[PDB]
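Student: My questions will all concern the structure given below.
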Amino acid sequence: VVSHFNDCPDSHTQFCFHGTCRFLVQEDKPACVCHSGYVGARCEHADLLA
């Protein structure tokens, strides 16, 4: 909490196929959120998998 982020891309950005990206600087923690209307374990697929 409180903590924030800035540089989303940092190599770890590869942890998302097509979704939101967010890297907690102060809390070095690479984590990219999905997007929407997509699919896949990490949002690799795009729809067709409701």
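Sequence positions for chain A are given in Swiss-Prot numbering; the residues included correspond to 40-89, in order.
Header lists the method as solution NMR.
A Cβ is built for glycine as well, from the same backbone N, Cα and C atoms used for every other residue.
Among the features that Swiss-Prot reports, domain 'EGF-like' is placed at 43-83. Under the heading disulfide bond, Swiss-Prot lists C47-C60, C55-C71, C73-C82.
Have a look at these and tell me how they're positioned relative to everything else.
Tutor: Around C47 (disulfide bond), the same-chain residues six or more apart in sequence whose CB sits under 8 Å from its CB are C60, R61, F62, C71, listed in sequence order.
According to DSSP, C71 (disulfide bond) is assigned to coil rather than to any helix or strand. When Cβ atoms from all protein chains are considered, those within 10 Å of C71 (disulfide bond) total 21, not counting its own.
Residues near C82 (disulfide bond) in space but far in sequence (CB under 8 A, at least 6 apart, same chain), listed by position: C55, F56, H57, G58, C73, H74.
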Student: Since the record lists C55, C73 as disulfide-bonded residues, which of them has the fewest other Cβ atoms within 10 Å of its Cβ?
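Tutor: Counting other Cβ atoms within 10 Å of each of the disulfide-bonded residues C55, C73 gives the minimum at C73.
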